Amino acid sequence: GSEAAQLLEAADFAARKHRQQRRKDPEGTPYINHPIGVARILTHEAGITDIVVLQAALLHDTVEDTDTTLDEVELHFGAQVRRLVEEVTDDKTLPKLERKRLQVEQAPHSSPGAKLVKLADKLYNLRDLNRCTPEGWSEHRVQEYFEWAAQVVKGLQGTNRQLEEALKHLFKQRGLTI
């Protein structure tokens, strides 16, 4: 009913599903901080106000890494949100390398909404990598992540000038172009 209630519903849902999950930083930061930050990037830097998109950002990793079904997502947020979540859900049954290939291949075919979420997700992760190296990650692994990230972003271009410029800038710092 309310825009405020809608956002809190998604945040709460995500917080509960990710309650046992943590990031790979030395402090093992609560995972929920990530979805929240991704959504925030969209409102503050991308100027996104579409509630459907913001909810998908908050829930973008729920079906992927937690005990959540597509039906459950549609039940609480509608088919529009569920569909976006589908587009941003990696297939965890595939080898890591294969998943990376899929993201690159699927990038251009994503809906505008999914492209926004994918862009914000990448921006949050690159900034986080620049801020702190994940536990057990070599510098080569970080650079590798950026290289792969570039492959994906190139397919998401023409969606949001603010996010793309920010991403392009961070990529340039590591010798990567668009």
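Start at 1 with the first residue shown and count on from there.
Legend entry - 54-62 versus 27-35 - greater average Cα B-factor per the deposited record: Stretch with the greater average CA B-factor: 27-35.
Inset, instruction - Can you let me know which of the two, 145-153 or 132-140, has the higher average C-alpha B-factor in the entry? - result: Comparing 145-153 with 132-140, the higher mean C-alpha B-factor belongs to 132-140.
Inset, instruction - Give the position of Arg82 by CA B-factor within its chain, expressed as the lowest, middle or highest third. - result: Its C-alpha B-factor belongs to the lowest third of this chain's values.
Legend entry - CA B-factor ranking of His44, expressed as a third of its chain: Middle third.
Legend entry - Chain third (lowest, middle, highest) by recorded CA B-factor, residue given as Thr68: Ranked within chain, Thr68 CA B lands in the middle tercile.
Inset, instruction - Comparing against every modelled residue in the chain, figure out the third that the C-alpha B-factor of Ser110 lands in (lowest, middle or highest). - result: For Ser110, the deposited C-alpha B-factor lands in the highest third.
Inset, instruction - Can you work out whether the C-alpha temperature factor of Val104 puts it in the lowest, middle or highest third of the chain? - result: Its C-alpha B-factor belongs to the middle third of this chain's values.
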